[PDB]
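See below for the structure under consideration.
All chains are named by letter (A, B, ...) in the order of the sequence lines, taking the proteins before the strands, and each is independently numbered beginning at 1.
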Amino acid sequence: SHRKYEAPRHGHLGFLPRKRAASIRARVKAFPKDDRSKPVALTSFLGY
Amino acid sequence: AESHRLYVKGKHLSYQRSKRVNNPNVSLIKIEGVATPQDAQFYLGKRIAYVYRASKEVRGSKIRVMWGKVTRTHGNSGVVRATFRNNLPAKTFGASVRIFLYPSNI
Amino acid sequence: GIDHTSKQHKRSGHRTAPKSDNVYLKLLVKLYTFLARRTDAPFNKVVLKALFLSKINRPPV
Amino acid sequence: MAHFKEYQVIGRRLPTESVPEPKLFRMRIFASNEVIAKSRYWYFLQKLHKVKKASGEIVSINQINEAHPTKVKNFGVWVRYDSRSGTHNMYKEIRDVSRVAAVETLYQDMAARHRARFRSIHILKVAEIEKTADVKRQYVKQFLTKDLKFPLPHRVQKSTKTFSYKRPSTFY
Amino acid sequence: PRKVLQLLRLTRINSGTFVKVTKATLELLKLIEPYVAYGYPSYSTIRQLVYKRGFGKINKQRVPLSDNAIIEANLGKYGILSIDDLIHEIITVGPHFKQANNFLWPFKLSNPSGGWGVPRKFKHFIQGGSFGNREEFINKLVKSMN
Amino acid sequence: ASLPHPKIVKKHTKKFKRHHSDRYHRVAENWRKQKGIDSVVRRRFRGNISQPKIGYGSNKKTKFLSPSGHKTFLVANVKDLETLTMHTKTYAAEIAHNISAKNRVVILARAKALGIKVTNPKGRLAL
Amino acid sequence: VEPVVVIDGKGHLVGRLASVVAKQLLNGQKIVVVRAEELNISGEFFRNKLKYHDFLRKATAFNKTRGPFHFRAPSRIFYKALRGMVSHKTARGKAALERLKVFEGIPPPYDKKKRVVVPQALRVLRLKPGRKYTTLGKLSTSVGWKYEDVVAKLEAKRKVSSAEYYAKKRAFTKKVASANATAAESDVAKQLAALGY
RNA sequence: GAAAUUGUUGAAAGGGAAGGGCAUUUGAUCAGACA
RNA sequence: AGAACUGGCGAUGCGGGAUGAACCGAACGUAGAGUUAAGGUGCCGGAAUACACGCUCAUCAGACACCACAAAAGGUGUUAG
RNA sequence: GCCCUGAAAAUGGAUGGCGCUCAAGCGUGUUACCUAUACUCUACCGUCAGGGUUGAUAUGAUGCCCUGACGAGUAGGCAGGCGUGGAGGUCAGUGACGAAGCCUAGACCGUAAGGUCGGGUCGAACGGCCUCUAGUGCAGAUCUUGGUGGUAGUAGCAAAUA
RNA sequence: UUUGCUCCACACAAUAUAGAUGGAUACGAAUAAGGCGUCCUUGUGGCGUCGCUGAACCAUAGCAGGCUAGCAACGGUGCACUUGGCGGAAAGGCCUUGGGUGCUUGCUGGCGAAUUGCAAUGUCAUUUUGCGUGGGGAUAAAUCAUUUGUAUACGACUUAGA
């Protein structure tokens with residue numbers, strides 16, 4: 001049967017599994033797309 | 001010369017079987033070049049030898065031979081039936097087998 | 001498959017040897033079996049069937 | 001039902017002591033052998049006269065051969081078929097080389113286009129069309145034109161071996 | 001039909017016997033039509049049946065003929081004293097057909113060597129099967145079973 | 001050295017084991033007929049074990065014959081071994097399991113002087 | 001005949017080629033399938049697109065990671081149709097799957113090898129002219145294949161290096177065809193022609 | 001001083017059971033006749 | 001749910017219908033050889049990706065008795081009358 | 001006629017699956033081929049039936065030999081045999097030079113119930129056959145008594161201030 | 001942790017196999033169209049020719065392939081070297097130069113075989129490991145314990161210490 005009333009889902013299903021990360025430093029999965037006209041420069045940096 | 005083959009190569013396909021029941025006493029051999037049961041009548045009665053290797057050297061060699069012969073044709077695509085002195089171990093499905101020319105009727 | 005009309009492996013239903021263990025009675029059966037097999041006389045075949053009968057089938061005369 | 005043949009069958013239905021010398025009926029049967037030609041003979045005499053197999057007998061059965069089996073003819077075929085709902089009459093035209101070959105095409109054509117089996121088809125009359133410009137069907141008039149030429153594009157060349165070392169060409 | 005088949009000595013599949021055609025026997029054949037196939041045999045198929053599958057019934061035993069003396073011993077009082085006199089008594093139905101036909105054991109035939117020729121066996125031969133009245137084409141199918 | 005006999009066939013060389021004899025330790029290896037109403041062995045289903053029947057009987061010509069071709073006979077002393085002197089090519093003497101070692105050297109010595117074959121000549125031999 | 005058979009997958013059907021190959025693998029023959037991105041399926045594009053969306057929604061309810069895996073590569077779509085024609089749950093079928101290699105485009109050393117075709121599975125010898133067909137490369141891109149442009153860029157580079165090989169091979173065989181022509185009109189050539197050679 | 005059960009040693013197999021039937025390969029082991 | 005005739009299951013395995021106590025074929029001692037039934041011959045799967053005449057394109061095609069569903073009514077989709 | 005609309009149910013999904021489009025779909029025809037414990041032939045086992053044979057000097061007349069047909073099966077009936085405890089008779093039986101029992105992917109015989117042998121262990125009685133007798137054969141009965149497992153080195157050994 | 005480890009030349013033992021026994025012989029594209037040759041104004045050109053299967057092509061003769069002689073060619077091929085270039089999608093291959101050496105059945109010769117006794121595959125692969133040979137080559141880490149808290153039920157994680 002139906003629930004009793006409709007209610008929203010608890011939590012986000014895209015952030016699964018909620019496990020411990022493989023390293024203390026998070027990976028950069030994506031980088032900005034290259035533009036051949038621009039000069040050579042870095043895309044990211046590291047800090048604390 | 002560079003070739004000493006005096007036999008015709010063959011392929012062990014499977015046992016003589018129904019949809020669910022198989023008979024290990026009869027084996028089906030696919031001869032290369034034969035595609036007609038009329039052309040498969042030439043190979044009737046020819047001796048068949050299966051050559052495999054073994055770990056234990058019994059008579060100065062590690063190669064053992066299993067002998068058989070051609071009994072009759074099977075189907076409409078040149079497949080023939082073969083009965084060996086001892087049945088094939090059913091692990092040679094698709095393995096190459098040797099079909100000789102004797103006893104020749106030519 | 002055979003469509004059987006009668007009963008398969010059915011015995012004859014008649015006695016072929018006496019049930020008694022009398023050794024002297026079996027000697028008469030042995031003697032009269034030879035007689036009915038080699039004389040072709042109807043008398044000897046009646047004696048064999050009469051010698052196989054039970055006590056109630058041989059009333060006193 | 002099989003490779004057809006044409007037979008003629010003559011009935012006699014048995015002469016009694018009151019009426020001798022009966023009328024000796026006859027018709028033409030398209031069948032596979034002499035077994036079905038006699039069976040299909042009694043099927044139509046029970047639709048036209050007071051007669052059955054037990055009250056009659058077969059006089060003579062003869063196979064009719066084609067007079068000119070090597071000449072292409074135009075045939076007009078009248079049939080009586082039974083559909084799923086009702087019975088309808090139909091006239092069809094088949095261009096073939098013999099009377100027995102036009103019947104073969106008719107049974108395959110009626111089963112493919114109308115789902116009619118052999119038991120539901122009655123052969124009323126088959127006749128050769130003597131003159132042209134009498135063909136009223138469009139699928140036969142195409143082959144009666146002067147200087148008929150037509151290609152066969154996309155030749156599907158049947159192969160025997162499983163693997164071919166060349167890329168096939170469908171030229172003609 | 002079960003009782004009729006037992007009166008024609010057809011107790012198993014692919015069994016054969018000769019039947020004299022009369023009014024009484026023609027009505028017997030119409031009852032067991034969906035189970036038997038019959039027809040008119042020629043001389044060649046009758047001759048080959050007795051030579052290969054000919055067995056006599058002597059003292060309730062199935063004794064192969066194999067000799068002209070055994071036929072003379074049991075059927076010699078009705079004229080027949082050879083293997084061809086019995087054959088002549090069959091195809092030419094004479095006054096002693098009942099004793100000659102009953103002397104022969106029912107024929108034990110095998111499956112036809114070329115098949116039955118039809119996809120389905122239990123239909124009428126007119127409709128495309130194998131049973132019913134099937135005349136002289138019966139010599140082709142009997143000789144394949146023999 | 002026995003009588004010429006036809007080649008011996010058995011038609012079933014495997015032992016007949018009871019159903020579920022390898023599953024439970026309480027079930028012995030001796031053959032017991034299944035009397036169950038739902039048993040698949042009694043109903044002769046495909047892929048199950050085979051039951052003993054009268055069709056597996058051996059030839060009467062080669063029945064009770066050893067592979068050597070003789071018939072096994074139990075011998076306890078010198079007296080019963082002397083009953084096989086006229087049947088040397090048919091029977092073979094076998095010394096019983098309860099015969100002492102000092103009596104086997106007399107049985108074996110008498111058997112060699114008569115030609116009677118002994119199936120177990122190595123029983124309780126001092127070597 | 002050959003120890004390894006390399007089949008060009010261009011212009012072939014999925015089910016007709018898979019059934020031919022699956023029967024050859026069970027007979028003990030190693031087969032390498034190249035150019036799987038140019039494989040064809042009968043029927044128009046949107047029919048086979050909906051035939052993949054209804055396959056894509058079939059998954060295990062309580063855990064989506066253990067249900068049917070929906071591979072998107074053209075070499076794996078053809079592998080899925082070939083795996084279902086072989087009893088892959090037994091040891092006989094497991095060994096037959098190690099005799100098959102399917103790739104997109106023409107990879108290394110199989111690039112310098114002779115490629116054969118199957119006349120029983122070709123799209124030009126089976127489909128009636130006028131029937132609509134689709135391409136596996138276009139169908140795979142619409143369902144999540146990320147490397148349609150990478151294979152197409154690498155295939156154009158291979159054809160440039162393959163065209164220059166044929167440019168000198170055709171020039172070399174012209175010299176051979178002229179050398180034996182000058183060797184004709186000789187007494188050793190008439191004896192060969194009398195024997196059918 | 002048996003079985004259930006357990007230890008050690010030796011041999012063999014193991015991709016979500018194990019066990020079974022028919023057939024053969026491989027390994028181990030056994031027999032016969034040598035007349 | 002309750003009757004009439006007959007055949008089956010129960011009491012019965014075997015080949016076929018993927019699967020099933022009743023359906024189809026056919027009923028069973030132990031083996032060998034040959035031929036078939038019912039059902040099948042693209043692959044799984046033993047056997048013609050045989051031959052021949054046509055029909056059908058479906059944005060939920062269709063695919064074999066018992067059998068595991070489909071109708072009235074419509075279509076200038078196409079075919080024949 | 002085929003196809004399409006009509007035609008909407010809840011886990012993901014089933015012409016058996018893959019897949020198939022001048023089909024590997026549908027209607028129909030012609031042949032070839034695949035094989036059931038079915039049919040045909042042969043051998044063997046058992047049963048039943050019909051017969052042959054007592055002649056001595058060599059041994060089974062319930063014996064031997066010839067011929068033909070047959071072989072499914074629960075409840076049930078009958079027949080032929082295997083095994084156990086004890087009793088009469090017999091083998092002038094076996095045994096401290098090792099009886100009985102027990103162990104043995106060691107061997108042989110019987111269709112089977114079972115029987116026999118070799119090896120290891122063991123220490124004082126036991127068997128074959130012809131007959132008699134019965135408290136005579138177990139996998140089950142939430143069976144009885146006794147013993148031992150998986151669970152498992154797991155639950156747990158935390159009230160009353162230290 | 002008693003001279004171990006690594007690469008290379010061969011040496012012997014084992015070990016494992018889904019199956020060597022002349023050659024996996026490389027354009028692309030179209031199919032109501034193309035391949036090749038040739039010519040020109042180089043094109044969506046003109047002309048000739050080919051398909052209808054790989055039933056092809058190359059290779060193929062010698063004690064499984066010997067020992068030697070000559071002739072005609074200056075070719076063909078094997079082998080270890082050597083020169084240069086190309087190939088990154090899994091390149092691990094391909095092309096080419098220089099000689100050395102072996103063979104040549106392109107042609108003509110001379111000897112050798114038997115007895116393995118009338119058929120019994122008649123053995124001709126690479127896979128890894130181990131123990132002994134010697135020609136070069138290289139002289140480390142991790143874990144526990146201690147410690148830290150960006151981490152933590154326990155493991156794990158993040159740090160630090162000659």
Pair assignment for RNA chain H - dot-bracket with | for other-strand partners, Watson-Crick or G-U under 3.5 Å: ...................................
For RNA chain K, the dot-bracket pattern of Watson-Crick and G-U pairs whose distances stay under 3.5 Å, | for other-strand partners: ....(((((..(((.((....((.(........(((((((..).)))))).....))).......((((((...(((((.(..(((......)))..).))))).)))))).............)).)))..)))))........(..(.......)..)..
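Mapping G:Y110 and D:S159 onto RNA chain K by nearest heavy atom places G:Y110 at the nucleotide closer to the 5' end. Along RNA chain H, the nucleotide nearest to G:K94 and the one nearest to B:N86 differ in position, and the one closer to the 5' end is contacted by G:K94.
Counting atom types as modelled, F:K53 pairs no side-chain N or O with a base atom of I:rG29 as donor and acceptor under 3.5 Å. With hydrogens and angles ignored, no donor-acceptor pair under 3.5 angstrom links the side chain of D:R167 to the base of K:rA29.
Considering only the side chain of D:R117, J:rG27 comes nearest among J:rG98, J:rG27, J:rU21. Counting only heavy atoms from C-beta on, B:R53 has its side chain closest to K:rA125 among K:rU21, J:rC97, K:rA125.
When rounded to the nearest whole Å, the span between CD1 of G:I41 and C1' of J:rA23 equals 16 Å.
A stacking criterion of 5.5 Å and 30° is met by the six-membered base rings of adjacent nucleotides I:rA72 and I:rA73. Between J:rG150 and its strand neighbour J:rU151 the base rings stack, satisfying centres under 5.5 Å and planes under 30°. Base stacking between strand neighbours I:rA52 and I:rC53 is detected by the criterion of six-membered ring centres within less than 5.5 Å and interplanar angle below 30°. Not both conditions hold for I:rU76 and I:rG77, whose six-membered rings lack centres under 5.5 angstrom apart with planes under 30 degrees, so their bases do not stack.
Of the side-chain N and O atoms in G:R57, one or more sit less than 4.0 angstrom from OP1 or OP2 of J:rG13. OP1 or OP2 of I:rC44 has at least one side-chain nitrogen or oxygen of G:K23 nearer than 4.0 Å. Phosphate contact (OP1/OP2 of J:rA92, side-chain N/O of F:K79, threshold under 4.0 Å): present. The phosphate of J:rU31 (OP1 or OP2) has no side-chain N or O of B:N76 nearer than 4.0 angstrom.
Ion pairing between a basic and an acidic side chain is recognised when a charged N comes within 4.0 Å of a carboxylate O; G:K159 and G:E155 show such pairing. Between D:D109 and D:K92 there is a salt bridge, since at least one side-chain N of the basic residue sits less than 4.0 Å from a carboxylate O of the acidic one. Using a 4.0 Å cut-off between charged nitrogen and carboxylate oxygen, G:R47 and G:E44 do not count as a salt-bridge pair.
Residue B:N87 is in sugar-phosphate contact alone, with no base atom involved, counting any heavy-atom pair closer than 4.0 Å across all strands shown. Looking at heavy-atom distances under 4.0 Å, F:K71 makes no contact with the nucleic acid at all.
Taking the six-membered ring for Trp, B:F84 and B:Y50 have ring centres at least 6.0 Å apart. Aromatic pair E:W116/E:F122: centroids not less than 6.0 angstrom apart.
A syn base is found at K:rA20: its glycosidic angle is within 90° of 0. With its glycosidic angle more than 90° from 0, K:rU97 is assigned anti.
In this complex the side chain of C:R37 is positioned in the major groove of the paired bases, with a heavy atom closer than 5.0 Å to a major-groove atom.
J:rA38 and I:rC24 are spaced 14 Å apart, taking the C1' atom of each and rounding to whole Å. Rounded to the nearest Å, the gap between the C1' atom of I:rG62 and that of I:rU56 is 9 Å.
Aromatic stacking of F:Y24 on J:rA139: not satisfied for centres closer than 5.5 Å together with planes under 30 degrees. Ring-to-base geometry does not place F:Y56 in a stacked arrangement with I:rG29 (centre distance under 5.5 Å, plane angle under 30° required). By the 5.5 Å and 30° criteria, C:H9 is not stacked with the base of J:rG71.
Remark: the F:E94 side chain and the F:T72 side chain contain no N/O donor-acceptor pair separated by less than 3.5 Å.
Here the side chain of B:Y15 pairs a donor or acceptor atom with the backbone of B:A90 at under 3.5 angstrom.
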